[PDB]
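**Q** One structure coming up, written as structure tokens, with questions to follow.
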Amino acid sequence: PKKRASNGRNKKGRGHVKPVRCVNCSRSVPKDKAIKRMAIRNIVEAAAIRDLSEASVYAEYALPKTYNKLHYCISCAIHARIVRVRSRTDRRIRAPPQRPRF
Amino acid sequence: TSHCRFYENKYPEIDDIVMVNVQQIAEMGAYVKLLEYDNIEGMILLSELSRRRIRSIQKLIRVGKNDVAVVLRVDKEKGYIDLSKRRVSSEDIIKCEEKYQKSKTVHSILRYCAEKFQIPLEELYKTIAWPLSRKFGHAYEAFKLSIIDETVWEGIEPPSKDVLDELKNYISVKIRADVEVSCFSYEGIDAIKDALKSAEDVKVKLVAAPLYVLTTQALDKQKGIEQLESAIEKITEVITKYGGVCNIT
Amino acid sequence: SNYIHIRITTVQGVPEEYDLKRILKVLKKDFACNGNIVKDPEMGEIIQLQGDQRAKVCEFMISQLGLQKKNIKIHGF
Amino acid sequence: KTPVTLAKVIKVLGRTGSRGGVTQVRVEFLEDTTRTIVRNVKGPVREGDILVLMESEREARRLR
Amino acid sequence: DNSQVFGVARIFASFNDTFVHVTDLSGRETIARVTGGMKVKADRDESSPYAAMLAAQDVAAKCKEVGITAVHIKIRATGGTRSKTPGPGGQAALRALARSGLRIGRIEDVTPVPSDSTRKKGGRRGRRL
Amino acid sequence: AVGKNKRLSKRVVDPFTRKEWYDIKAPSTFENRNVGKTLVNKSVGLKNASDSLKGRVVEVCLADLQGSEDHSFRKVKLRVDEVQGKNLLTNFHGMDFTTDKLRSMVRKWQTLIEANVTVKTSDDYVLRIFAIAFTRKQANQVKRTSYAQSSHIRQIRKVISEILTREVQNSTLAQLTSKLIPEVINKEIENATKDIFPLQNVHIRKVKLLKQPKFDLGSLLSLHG
RNA sequence: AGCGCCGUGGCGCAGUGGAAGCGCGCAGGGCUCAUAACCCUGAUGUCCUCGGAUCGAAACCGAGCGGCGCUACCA
RNA sequence: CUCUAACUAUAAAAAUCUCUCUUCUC
Ligand SMILES: [Mg+2]
Ligand SMILES: [Mg+2]
Ligand SMILES: [Mg+2]
Ligand SMILES: [Zn+2]
């Protein structure tokens, strides 16, 4: 049966999309159905920001961050907890799940 | 008393390879005695136990046997041995086996005196072990050289000579070669008899009409080869003139 | 010599006059069983197939090279 | 060497581990009270106790 | 400058066997190549933070012996074709370098990243663990 | 951490005792002329240290070479050419962005504009220059995005191409670096392209050397002093 | 008729120089609702006999014993 | 009726399965 109106792909008018390889399982997958997470992260955690700070010349450093855009597959994503199997009536809500940190 | 460690000092060195004997297993791993170094207990942890995954433990340790392993860290203060079984090279396993067998032979050799003359085994082994292990290699080569020409036991004075005489009493290589006679001469048996009379006066015997097999009881592994080639060249020199031909391969 | 026996099932004693992998090829399909060529050092060369099909093994050994059927004494087991 | 360290727990961070017996604790060292570190401890714990550490460099994460 | 001896830590942190390999500013002359696997016995906890921490401490001791006090860290992952993601050990190695006396400056992310090169390993359906 | 197969298909010496330190001096255009120190093997003829040194590259943040923090995201490469003794003189080699700022300003909902150009400088240096620009929300937006039409990218890209062509072919690498320090060329590009589209945060990326005339000893001597 | 191997627990190896050695086997038990798989404990003997050295020997050797490969029937 | 910030990290192995299926109006 029609599980999702958008076919769970989000292509709808492109015919074919360039495949991309999963970060973990290395599966080729259409770039739109290639669930994507902007892993923007500080290069060290708060448990070491101090340790680095007092061991730092150039007081009050900018502490540069590391950015990445993880292109998961879907099998790894569902297994590695990125995406969760939600209920039928809750599928149609495409907003991010309510401000991860508030 | 099986005691008095094989090598220079009682306490094992660092990262050194051993073979060990298993006695018991409490719950974590096994603290088991050693017959490569002094009998102080060395303990193996299950994390470092089996190359295969841990599902059966009584079949891979086989309590009461000899197993190759390597000691990681040593406690020389009051005596604890951290001992590891996995990170051993497939080519160094042969090294462990041969070294353990060599030390076993040394233990077997220097027990006969201690039990025949009821003197301390530790004292006698301490006296003997200075020219024994540290000269340039293992004891067995020195003992073989001494039985063929006594020069090692005289390096240092033993407690007496009766014990060394008992050692000599207890202690008290064949090389093959084929010679094929391709002779078409008329009288070629007399040449064979003459050449073998000259060569034998070490052991040359018969197999087939052209095949003569010499099994020399050499004592140096290189003297036998040179006597072998001398006999071969004597055969050729005697046989190529009277009318025949012989070949050795 | 050249004795052949079947023991619950491995076949010990196999003439070399035909290649072994084709023997396995015909064996697996005509028996429908897991097949193994185990070469233990200097024992009768081991060909192992599962199940109790000694009559079917008789059929195969007839159909591969066998024409004697007189030195085959399969142990029941 | 005897670099034994002491640390007083200020907050109990629930309980971690598949066994369900090990506690994450946020301990501030008695020496250098300005610094805090989170570590795993096996056995009953309550805030206000003072605990002993052989190593203080290791940061302890969840025990999976 | 305060009469300092600058260096570069340039940690390489894969998902196995974190690397710590300090060199000079020119980048050619290497100091304290000791890695994570150097200081752990399992050959499989090499990626664990303990290996990186002990490696970093030994590097710090060597640096104090050779005079290099302040460092310019270049954090690296395997990157390129492989996962573009920093390993867990390298961060702990960086922290251990921070603790043991040495000073830091201009920590850098030097992850090698491709512009879609290298049709890479895995096959169509990829890993099937 | 013990032994291995050792498929060989003591005699150890100390690494540092036979080693020696050298100083690096920056071009006079840079603010903090003293850069740092580099490790060398001890000087022995027949492969003197001079042969090993000339050609090396030193990798230093621009904020270090100026002092202020506004130059944190930039990062200059310097090429070792001349050895004076206990101190070596280095000519300009290249200049680049730190990957962090680049990855930070490449966001969604604003397409980028890249402009590559290969240009001879005033004297003889063949160089390559990249320019990175990002579309800007005007401060009245209610449309949540700022895409630019490929005609606008064509115009902006061409304009940057001639801008860099002029600014490199006219003045030498020293004067080039003089314009590079206070990023006057960036604001120049922003002004010259202001009529096409807002174009937030233009910048010069990966000033890459390609070719150098012979050595020009006098140029190096004038550079450092 | 010679020299080299085998020398049994129902079996092939295994060390041969501290004394009962591994797996295959077979019996029982464990696992599971049950079976296969997996996990444990077992009874099997003259490692053929003679000696020597040997505190200690099946082993290290030696002087006969049952079968295997060659010489090739070695008038 | 003025509001655009914070983050972590697991994939060991696991095969098979007999009957006997039928009844709602006051
Ligand atoms: Mg369905
Ligand atoms: Mg989707
Ligand atoms: Mg799966
Ligand atoms: Zn995946």
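Chains as they are written, first to last, in the entry's author numbering: chain a, 2 to 103; chain j, 3 to 174, 182 to 210, 218 to 265; chain m, 23 to 30, 40 to 108; chain c, 4 to 67; chain O, 9 to 137; chain B, 2 to 10, 18 to 233. Backbone N, C-alpha and C fix where the C-beta goes; we use that ideal spot for every residue, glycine too.
Which of the residues in the segment 30-53 of chain O, read from start to end, lie with their CB under 9 Å from any CB of chain j?
**A** Residues 49, 50, 51.
**Q** Contact defined as beta carbons within less than 8 Å: I believe residue 21 of chain a pairs with residue 71 of chain a. What is the distance between those atoms, to the nearest angstrom?
**A** With 8 Å as the limit, residue 21 of chain a and residue 71 of chain a do not qualify as a contact, their Cβ atoms being about 11 Å apart.
**Q** Please list, in chain order, the residues of the segment 102-122 of chain O that have any C-beta partner in chain B closer than 9 Å.
**A** Residues 113, 114, 116, 117, 118, 119, 121.
**Q** Would the C-beta of residue 19 of chain a count as close to ligand 2, meaning under 7 Å from any of its heavy atoms?
**A** Every heavy atom of ligand 2 is 7 Å or more from the Cβ of residue 19 of chain a, so no.
**Q** Apart from the five residues on each side of it in sequence, which residues of its chain come closer than 7 Å, Cβ to Cβ, to residue 46 of chain O?
**A** Around residue 46 of chain O: 63.
**Q** Decide if residue 82 of chain a is buried, meaning its Cβ has at least 16 other Cβ atoms within 10 Å, or exposed.
**A** With fewer than 16 other Cβ atoms within 10 Å, it is exposed.
**Q** Decide yes or no for the touch test of the segment 134-144 of chain B against the segment 200-213 of chain B: beta carbon pairs closer than 8 Å, at least 3 of them.
**A** Yes, the segment 134-144 of chain B touches the segment 200-213 of chain B.
**Q** For residue 61 of chain m, which option in m/89, m/47, m/70 has the closest C-alpha, if you only look at C-alpha atoms?
**A** When only C-alpha atoms are compared, the closest one is m/89.
**Q** Within 10 Å of its beta-carbon, does residue 117 of chain O have 16 or more other beta-carbons around it, so buried, or fewer, so exposed?
**A** The residue in question, residue 117 of chain O, is buried, as its Cβ has 16 or more Cβ neighbours within 10 Å.
**Q** If the criterion is Cβ atoms closer than 8 Å, does the pair residue 65 of chain m and residue 81 of chain m meet it?
**A** In this structure, residue 81 of chain m lies closer than 8 Å to residue 65 of chain m by Cβ.
**Q** Less than 8 Å separating the beta-carbons of residue 67 of chain B and residue 33 of chain O?
**A** Their beta carbons are under 8 Å apart, which means residue 67 of chain B touches residue 33 of chain O by this criterion.
**Q** Using a Cβ-Cβ cut-off of less than 7 Å, give me the residues of the segment 69-90 of chain O that come near chain B, in sequence order.
**A** For the segment 69-90 of chain O, which is checked against every Cβ of chain B, the residues closer than 7 Å are 74.
**Q** Hey, is residue 9 of chain a close to ligand 2, as in C-beta under 7 Å from one of its heavy atoms?
**A** For ligand 2, at least one heavy atom lies less than 7 Å from the Cβ of residue 9 of chain a.
**Q** How many angstroms separate the CA atom of residue 155 of chain B from the CA atom of residue 112 of chain O?
**A** The alpha-carbon atoms of residue 155 of chain B and residue 112 of chain O are separated by roughly 41 Å.
**Q** Would you say residue 50 of chain B and residue 26 of chain B are within 8 Å of each other, going by their C-beta atoms?
**A** In this structure, residue 26 of chain B lies closer than 8 Å to residue 50 of chain B by Cβ.
**Q** Taking CB distances under 8 Å as the criterion, tell me whether residue 130 of chain O reaches chain a.
**A** Cβ-Cβ to chain a under 8 Å: yes for residue 130 of chain O.
**Q** I'd like to confirm something about residue 79 of chain a: is its beta-carbon nearer than 7 Å to some heavy atom of ligand 2, or not?
**A** Not under cutoff, so the answer is no.
**Q** Out of B/118, B/110, B/221, B/163, which has the shortest C-alpha to C-alpha gap to residue 213 of chain B?
**A** Out of B/118, B/110, B/221, B/163, B/110 has the C-alpha closest to the C-alpha of residue 213 of chain B.
**Q** From the DSSP output, in three-state form, read off residue 233 of chain j for me.
**A** Of the three classes helix, strand and coil, the one that applies to residue 233 of chain j here is strand, per DSSP.
**Q** Going along chain O in order, which residues have a C-beta closer than 7 Å to the C-beta of residue 24 of chain B?
**A** Under the 7 Å cutoff, chain O gives 74.
**Q** Bridge partners for residue 99 of chain B per DSSP, in chain order?
**A** Its beta-bridge partners are B/87.
**Q** Give, in chain order, every residue of the segment 29-53 of chain B whose Cβ lies closer than 7 Å to some Cβ of chain j.
**A** Listed by position, the residues of the segment 29-53 of chain B near chain j (Cβ gap below 7 Å) amount to none.
**Q** Please tell me whether, using a cut-off of 7 Å, the distance from the CB of residue 69 of chain a to the nearest non-hydrogen atom of ligand 4 is below it.
**A** Not under cutoff, so the answer is no.
**Q** So, does the CB of residue 10 of chain B fall closer than 8 Å to a CB anywhere in chain a?
**A** Chain a contact via Cβ: absent.
**Q** Is residue 65 of chain B near residue 88 of chain B, with beta carbons less than 8 Å apart?
**A** Contact: yes.
**Q** Report the residue from j/114, j/61, j/76, j/52 whose alpha carbon sits nearest the alpha carbon of residue 19 of chain j.
**A** If we check each option's Cα against that of residue 19 of chain j, j/76 comes out closest.
**Q** Just by C-beta distance, which residues in the segment 52-63 of chain c are closer than 8 Å to chain O?
**A** Going along the segment 52-63 of chain c in chain order, one finds 60, 61, 62 with a Cβ nearer than 8 Å to chain O.
**Q** Please list the residues of the segment 75-96 of chain B that have a C-beta atom closer than 9 Å to any C-beta atom in chain O, keeping them in chain order.
**A** Against chain O - using a Cβ distance shorter than 9 Å - the residues of the segment 75-96 of chain B are 80, 83, 88.
**Q** Less than 7 Å separating the Cβ of residue 96 of chain j from some heavy atom of ligand 2?
**A** No - ligand 2 has no heavy atom lying nearer than 7 Å to the Cβ of residue 96 of chain j.
**Q** Can you look up residue 24 of chain B in the DSSP assignment and give me helix, strand or coil?
**A** Here residue 24 of chain B sits in coil by DSSP.
**Q** Under 9 Å, CB to CB, which of the residues in the segment 29-53 of chain j have a partner in chain O?
**A** So the close ones are 49, 50.
**Q** For a cutoff of 8 Å on Cβ pairs, would you count residue 52 of chain a as touching chain O?
**A** True, the Cβ-Cβ gap to chain O drops below 8 Å.
**Q** Can you tell me the Cα-Cα spacing of residue 61 of chain a and residue 52 of chain O, whole angstroms?
**A** Going from the Cα of residue 61 of chain a to the Cα of residue 52 of chain O covers about 38 Å.
**Q** Quick one: what does DSSP say residue 6 of chain B is sitting in, helix, strand or coil?
**A** Reduced to three states, the DSSP call for residue 6 of chain B is coil.
**Q** Per DSSP, what are the beta-bridge partners of residue 82 of chain O in this structure?
**A** Paired residues: O/116.
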